[PDB]
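Student: Heads up: the sequence lines are chains A, B, C and D, in that order.
With the first letter of the first sequence counted as 1, position 133 gets the number 134 in UniProt numbering; the numbers rise by one all the way through.
With the first letter of the second sequence counted as 1, position 99 gets the number 100 in UniProt numbering; the numbers rise by one all the way through.
With the first letter of the third sequence counted as 1, position 79 gets the number 80 in UniProt numbering; the numbers rise by one all the way through.
With the first letter of the fourth sequence counted as 1, position 8 gets the number 9 in UniProt numbering; the numbers rise by one all the way through.
From the three backbone atoms N, C-alpha and C, an ideal C-beta is built for every residue, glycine too.
Number of protein chains: 4
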Amino acid sequence: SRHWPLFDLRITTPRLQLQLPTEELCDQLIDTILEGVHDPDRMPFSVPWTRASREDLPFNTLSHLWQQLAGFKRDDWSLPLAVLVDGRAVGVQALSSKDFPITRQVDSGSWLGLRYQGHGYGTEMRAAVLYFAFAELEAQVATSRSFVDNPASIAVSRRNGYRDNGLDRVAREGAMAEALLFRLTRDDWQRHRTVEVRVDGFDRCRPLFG
Amino acid sequence: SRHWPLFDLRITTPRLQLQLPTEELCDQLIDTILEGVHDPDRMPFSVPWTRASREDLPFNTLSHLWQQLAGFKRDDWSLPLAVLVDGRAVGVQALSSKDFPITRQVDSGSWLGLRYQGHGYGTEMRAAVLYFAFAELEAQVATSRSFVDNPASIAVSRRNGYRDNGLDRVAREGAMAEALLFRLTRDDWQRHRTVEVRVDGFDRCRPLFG
Amino acid sequence: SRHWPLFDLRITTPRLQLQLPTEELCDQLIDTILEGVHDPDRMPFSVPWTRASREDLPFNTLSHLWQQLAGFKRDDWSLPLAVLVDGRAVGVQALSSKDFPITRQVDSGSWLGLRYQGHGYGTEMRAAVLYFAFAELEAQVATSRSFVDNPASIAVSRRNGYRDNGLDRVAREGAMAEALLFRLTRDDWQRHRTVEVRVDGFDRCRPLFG
Amino acid sequence: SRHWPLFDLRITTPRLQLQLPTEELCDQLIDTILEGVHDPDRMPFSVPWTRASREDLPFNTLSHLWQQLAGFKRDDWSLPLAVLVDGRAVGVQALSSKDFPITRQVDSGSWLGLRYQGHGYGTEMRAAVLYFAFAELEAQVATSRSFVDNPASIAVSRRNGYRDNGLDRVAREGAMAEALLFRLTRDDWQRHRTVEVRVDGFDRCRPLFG
Ligand SMILES: CC(C)(COP(=O)(O)OP(=O)(O)OC[C@H]1O[C@@H](n2cnc3c(N)ncnc32)[C@H](O)[C@@H]1OP(=O)(O)O)[C@@H](O)C(=O)NCCC(=O)NCCSC(=O)CCC(=O)O
Ligand SMILES: CC(C)(COP(=O)(O)OP(=O)(O)OC[C@H]1O[C@@H](n2cnc3c(N)ncnc32)[C@H](O)[C@@H]1OP(=O)(O)O)[C@@H](O)C(=O)NCCC(=O)NCCSC(=O)CCC(=O)O
Ligand SMILES: CC(C)(COP(=O)(O)OP(=O)(O)OC[C@H]1O[C@@H](n2cnc3c(N)ncnc32)[C@H](O)[C@@H]1OP(=O)(O)O)[C@@H](O)C(=O)NCCC(=O)NCCSC(=O)CCC(=O)O
Ligand SMILES: CC(C)(COP(=O)(O)OP(=O)(O)OC[C@H]1O[C@@H](n2cnc3c(N)ncnc32)[C@H](O)[C@@H]1OP(=O)(O)O)[C@@H](O)C(=O)NCCC(=O)NCCSC(=O)CCC(=O)O
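(1) For the beta strand (DSSP E) containing residue 179 of chain D, name the first residue and the last one.
(2) Just list the residues that DSSP pairs residue 165 of chain C with in beta bridges.
(3) Is it true that the stretch 110 to 118 of chain A meets the stretch 22 to 39 of chain A, where meeting means three or more beta-carbon pairs spaced less than 8 Å apart?
(4) Any beta-carbon of chain B closer than 7 Å to the one on residue 1 of chain C?
(5) If residue 170 of chain C and residue 44 of chain C are in contact, beta carbons under 8 Å, what's the gap, nearest whole angstrom?
(6) Could you tell me how far apart the beta carbons of residue 85 of chain B and residue 21 of chain B are, in whole angstroms, since I believe they sit closer than 8 Å?
(7) Comparing C-alpha positions only, which one of A:186, A:162 and A:68 sits nearest to residue 64 of chain B?
(8) Please confirm if residue 20 of chain D has its CB atom under 7 Å from at least one CB of chain A.
(9) Is residue 152 of chain D near ligand 4, in the sense that its beta carbon is under 6 Å from a heavy atom of that ligand?
(10) Is residue 45 of chain A near ligand 1, with its Cβ less than 6 Å from a heavy atom?
(11) Less than 7 Å between the beta carbons of residue 146 of chain B and residue 180 of chain B, yes or no?
(12) What residue range is occupied by the uninterrupted alpha helix (DSSP H) comprising residue 111 of chain D?
(13) Could you tell me if residue 152 of chain A is buried or exposed, where buried requires 16 or more neighbouring beta carbons within 10 angstroms of its beta carbon?
(14) For residue 27 of chain C, go through chain D and note every residue whose CB falls closer than 7 Å to its CB, in chain order.
(15) For my contact list, residue 93 of chain C and residue 101 of chain C are in at a C-beta cut-off of 8 Å; report their separation, rounded to the angstrom.
(16) Report yes or no: do three or more beta-carbon pairs, one from the stretch 198 to 207 of chain A and one from the stretch 2 to 16 of chain B, lie closer than 8 Å?
(17) With respect to 6 Å, is the separation between the Cβ of residue 122 of chain D and the closest non-hydrogen atom of ligand 4 below this value?
(18) Taking residue 15 of chain A as the query, report the chain B residues whose CB atoms sit under 7 Å from its CB, ordered along the chain.
(19) Of the residues that make up the UniProt domain "N-acetyltransferase" (32 to 188) of chain A, which ones have a beta carbon closer than 7 Å to any beta carbon in chain B?
(20) Could you work out which residues of chain E lie near residue 5 of chain D, taking near to mean beta carbons separated by less than 8 Å?
(21) Per DSSP, residue 11 of chain A forms a beta bridge with which residues?
(22) Is residue 129 of chain C near ligand 3, in the sense that its beta carbon is under 6 Å from a heavy atom of that ligand?
(23) For residue 92 of chain C, write down the residues that DSSP places opposite it in a beta bridge.
(24) For chain A, check one thing: does any of its Cβ atoms lie closer than 7 Å to the Cβ of residue 197 of chain B?
(25) Does the distance from the C-beta atom of residue 196 of chain B to that of residue 125 of chain B stay below 7 Å?
(26) Regarding residue 112 of chain D and ligand 4, is the C-beta to nearest heavy atom distance less than 6 Å?
(27) Are the CB atoms of residue 190 of chain B and residue 167 of chain B within a distance shorter than 7 Å?
(28) Quick test of your reading: residue 128 of chain B and residue 38 of chain B, contact by CB under 8 Å. State the CB separation rounded to the nearest angstrom.
(29) Identify every residue that forms a DSSP beta bridge with residue 148 of chain A.
(30) In the DSSP assignment, find the unbroken alpha helix (DSSP H) run with residue 209 of chain C in it and report its ends.
(31) Sorted by chain position, which residues of the same chain lie with C-beta nearer than 7 Å to residue 23 of chain C's C-beta, five sequence neighbours on each side aside?
(32) Note down the Cα distance separating residue 99 of chain B from residue 105 of chain B, rounded to an integer number of angstroms.
(33) Could you spell out where the beta strand (DSSP E) holding residue 19 of chain A opens and where it closes?
(34) In terms of residue numbering, what span does the alpha helix (DSSP H) encompassing residue 126 of chain A cover?
Below, the structure written as structure tokens:
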């Protein structure tokens with residue numbers, strides 16, 4: 002939208018561009034989803050949104066994304082940044098926070114189209130939102146969590162320098178799933194960062210966050 | 002979106018086109034809002050949204066339109082149709098229903114940019130959604146409410162054949178306001194209809210309501 | 002509770018005492034419900050709560066009553082008054098309002114165990130809360146609604162001087178039901194009232210309502 | 002209530018009795034609250050309910066307890082057990098769980114009136130619910146969280162054998178507060194349980210949880 006400055010935000014790395022999904026990018030993301038996100042014998046997500054039928058996925062996705070855009074509040078926000086490789090939407094690296102002005106703590110969530118995995122994009126797009134969070138938002142801590150049987154996202158966290166932060170368990174599609182929690186302080190983030198990241202279009206967004 | 006068939010719906014009258022607001026149409030509706038919606042000595046809405054600052058109005062509108070788009074369910078839907086006069090979205094004629102397949106009853110809500118009022122677009126645009134509800138959705142009853150000090154929406158209802166359906170009162174900006182309720186039966190709609198209305202691109206949407 | 006002054010409110014008529022339901026009264030109420038509330042061929046309630054099994058009904062009722070007691074706010078309250086005959090709970094005459102300090106409008110809901118119907122308790126217990134509403138809370142309007150096939154509550158309303166205030170239709174257990182709405186102004190109440198009503202224990206409650 | 006079997010549950014230790022709060026016990030808890038729960042320099046609670054005026058405390062507390070009583074569901078429950086010392090309610094040892102049939106994981110919350118602190122009641126009351134969770138409910142994990150500056154609950158956790166399970170930070174009365182997370186497996190519970198515990202009246206409640 003041309004009426005919400007958050008649409009002008011750009012986070013760029015040597016291979017990726019991240020930005021809030023426009024109407025065009027949402028449709029691209031649905032196209033990517035329909036080509037496949039994960040092997041059907043896995044469930045990497047808290048909410049099993051990828052189980053939805055081919056017919057339902059498109060609107061479920063539009064709905065979720067619309068709701069996330071619409072729910073932005075200074076004290077409770079979620080930013081699902083579309084990840085682009087040469088202008089094409091390959092996945093989402095979200096960043097969110099509750100009471101950010103007070104806590105200075107963000108968490109994240111991610112997915113990539115299946116054919117786009119295993120090329121370092123997941124590490125890079127994480128490095129990208131962390132740069133945004135620490136350098137632009139002046140976050141102090143970033144957290145993430147991964148199911149024990151989701152080693153790609155565990156490795157991404159370990160690569161970006163997160164430390165172990167305890168264990169959780171949740172109901173995952175009717176069965177107990179163990180989860181690992183990760184924590185990244187600004188110190189740790191600095192000591193492990195290797196991706197050159199640039200942010201543009203943020204000046205006008207500053208007062209929305211604080 | 003090209004992934005939601007409701008975007009293909011068009012309801013046209015001799016002077017108007019109504020459709021679901023796309024990214025661009027939402028921003029056009031916002032441009033119109035920022036030129037003025039109603040006399041400030043007046044509050045024709047139960048939610049005083051037009052009172053928000055020039056700074057807040059654009060996101061508040063997006064948020065709301067997005068929530069409605071995201072919210073479509075067979076048993077609880079709201080269609081916020083953009084009303085186009087030239088190549089500009091001048092207002093919104095909404096149609097909504099809870100448990101529609103059972104009750105077959107719809108209600109409506111409306112607004113037009115200040116510079117567009119008084120040209121008979123209010124009556125024409127109500128006639129358009131009413132034709133859509135009765136003739137395409139197969140509704141049996143349509144309802145509406147107006148504050149007693151909003152004679153233009155009262156006159157639109159009367160011109161379209163609606164009958165008194167009782168009195169209400171609500172809190173409007175911390176003061177009591179009286180409302181008039183209106184009810185249009187399918188048979189009363191036939192009796193009083195004068196506007197030629199055409200519906201296109203609904204065939205693929207049909208299952209969504211049924 | 003001895004910690005909430007609304008438990009001291011007493012509304013008394015020649016045959017009835019109405020009061021907020023204590024632990025004991027809630028239990029009497031459930032006893033009464035388990036003996037039966039209406040012929041199974043009928044559904045007089047918006048929410049089909051009497052359809053629940055005999056196993057589930059006791060907790061459904063406690064949960065419901067607990068929630069209404071817990072939910073009291075100045076701008077949003079519901080008073081599920083237990084109706085006592087011979088000192089034992091025979092039913093509930095509820096009074097409720099949203100934005101009462103501004104609208105000064107209340108509505109009501111009621112039910113009696115089967116063996117307690119047709120004695121005029123329903124009329125008398127309506128009279129009881131109408132008096133409390135107008136004389137004690139200074140309401141200006143009371144409303145009520147009945148399914149068209151629920152003549153006993155319709156007749157209680159007509160008897161207390163309410164006037165027809167429109168038609169509605171809802172889903173009721175998977176089928177369409179017509180509802181009649183009723184409206185009583187202060188003056189109409191004062192023209193039709195015949196029951197002697199006394200209110201005790203309200204002085205300390207008064208500030209909770211305005 | 003005599004219509005909800007959970008009211009028949011008794012968890013007894015050599016000094017304490019825990020049970021769901023009846024109307025009487027809720028009033029005793031409030032009495033205890035009005036005498037004070039913690040040093041006002043401190044905020045041990047994520048929700049600062051002890052900050053309410055003495056005027057609002059009683060209804061806030063009834064409202065909270067009624068909501069927890071009323072909100073019981075197989076997949077989302079909270080048991081706010083009254084803690085009785087010499088037959089009077091002196092605090093609450095809550096036990097709660099979301100999706101328990103699948104996760105087999107519980108969490109807990111506690112408070113005692115000032116004058117009852119420092120006599121081993123907190124340690125013993127935790128053991129009480131832990132034995133109930135592990136021995137009766139067939140839990141596999143129990144969790145707990147304490148703010149860093151809340152050494153009494155930390156100590157209770159350590160004494161009951163919980164292990165460190167990470168860090169969190171939250172907004173606490175407008176300021177950032179660090180919290181510590183504790184985890185206790187069935188095995189570590191077994192290794193460390195000293196307190197003798199009897200559970201009665203659970204026999205009929207069991208199906209409600211499974
Ligand atoms: C999780 C991601 C985004 C990760 O992206 P990529 O596949 O691009 O990762 P990458 O940058 O190529 O690096 C992946 C790292 O995982 C390793 N790796 C991959 N699969 C492995 C396996 N089966 N066993 C062991 N290691 C494995 C690679 O060697 C590399 O480690 P080295 O650097 O050591 O060589 C993706 O795979 C995906 O979208 N998967 C499906 C959905 C999903 O799982 N979403 C995550 C939910 S959990 C979540 O949302 C929290 C995460 C967050 O905060 O964003
Ligand atoms: C309500 C509308 C959409 C009405 O449309 P217009 O202003 O285009 O009116 P119109 O089509 O030109 O004419 C319709 C009837 O209104 C009469 N009319 C117009 N302006 C009037 C006025 N100021 N005083 C008295 N009557 C007036 C015309 O003579 C005509 O009557 P004849 O046919 O006898 O010649 C608009 O006024 C508006 O947007 N106002 C600000 C927002 C608002 O009020 N929204 C509605 C809130 S209440 C609501 O949402 C429920 C309505 C619904 O269900 O859609
Ligand atoms: C509705 C009530 C509370 C009504 O109480 P009573 O039975 O004590 O009523 P009453 O004072 O004895 O007077 C009942 C009136 O019903 C008439 N009546 C009874 N059955 C009738 C029938 N089948 N056909 C025609 N008339 C009938 C009687 O002649 C009398 O009218 P005359 O004066 O002309 O002789 C109760 O019947 C009940 O609990 N019913 C089942 C649950 C229910 O329907 N709840 C109401 C939901 S609707 C609602 O909640 C809104 C009402 C409210 O605001 O509280
Ligand atoms: C937390 C409790 C229930 C703790 O119960 P008690 O007071 O009976 O404690 P206890 O069993 O007698 O053991 C207390 C032990 O705490 C330590 N201790 C107590 N106060 C301390 C202080 N100021 N500094 C350092 N240590 C301290 C000592 O080791 C002491 O053992 P010695 O006697 O050998 O010296 C209570 O203090 C309380 O209600 N406090 C106010 C509200 C509160 O903080 N609630 C908990 C919120 S956190 C939560 O709810 C999660 C915990 C849960 O799962 O229930």
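Tutor: Working from what's here:
(1) 176 to 186 is the extent of the beta strand (DSSP E) around residue 179 of chain D.
(2) As a beta-bridge residue in DSSP terms, residue 165 of chain C pairs with C:183.
(3) These segments touch.
(4) The question about residue 1 of chain C has no answer here: the residues shown for chain C are numbered 2 through 211.
(5) Contact doesn't hold; Cβ gap of about 14 Å is too wide.
(6) The Cβ separation is near 12 Å, so there is no contact.
(7) Answer by Cα proximity: A:68.
(8) Residue contact check for residue 20 of chain D against chain A: no CB pair falls below 7 Å.
(9) Yes.
(10) Yes, Cβ of residue 45 of chain A sits closer than 6 Å to a heavy atom of ligand 1.
(11) Yes, Cβ-Cβ distance for residue 146 of chain B and residue 180 of chain B is below 7 Å.
(12) Segment 106 to 113 is the beta strand (DSSP E) holding residue 111 of chain D; no alpha helix (DSSP H) there.
(13) Residue 152 of chain A is exposed by the Cβ-count criterion.
(14) In chain order: 2.
(15) Wrong, their Cβ atoms sit about 20 Å apart, outside the cutoff.
(16) Verdict: no, contact absent.
(17) Yes, ligand 4 has a heavy atom inside 6 Å of this Cβ.
(18) For residue 15 of chain A, there are no C-beta contacts with chain B under 7 Å, since the nearest C-beta of that chain is about 30 Å from it.
(19) The UniProt domain "N-acetyltransferase" (32 to 188) of chain A vs chain B, Cβ under 7 Å: 59, 60, 63, 64, 67, 68, 70 and 71.
(20) Of the protein chains in the structure, A, B, C and D, none is chain E.
(21) Answer by DSSP bridge pairing, in chain order: A:201.
(22) With a cut-off of 6 Å, the C-beta of residue 129 of chain C is classified as distant from ligand 3, since no heavy atom of the ligand falls inside that distance.
(23) Beta-bridge pairing links residue 92 of chain C to C:84 and C:113.
(24) For residue 197 of chain B, the answer is no, since every Cβ of chain A falls outside 7 Å of its Cβ.
(25) Against a cut-off of 7 Å, the Cβ pair of residue 125 of chain B and residue 196 of chain B comes out as a contact.
(26) Indeed, a heavy atom of ligand 4 lies less than 6 Å from the Cβ.
(27) With a cutoff of 7 Å on beta-carbon distance, residue 167 of chain B and residue 190 of chain B are scored as not near each other.
(28) Between residue 128 of chain B and residue 38 of chain B, the beta carbon gap of about 21 Å keeps them out of contact (Cβ cut-off 8 Å).
(29) Answer by DSSP bridge pairing, in chain order: A:180.
(30) No alpha helix (DSSP H) holds residue 209 of chain C; DSSP gives it neither H nor E.
(31) Correct list, in chain order: 8.
(32) In a straight line, the C-alpha of residue 99 of chain B is about 9 Å away from that of residue 105 of chain B.
(33) Residue 19 of chain A -> beta strand (DSSP E) spans 18 to 20.
(34) Per DSSP, the continuous alpha helix (DSSP H) segment holding residue 126 of chain A begins and ends at 122 to 132.
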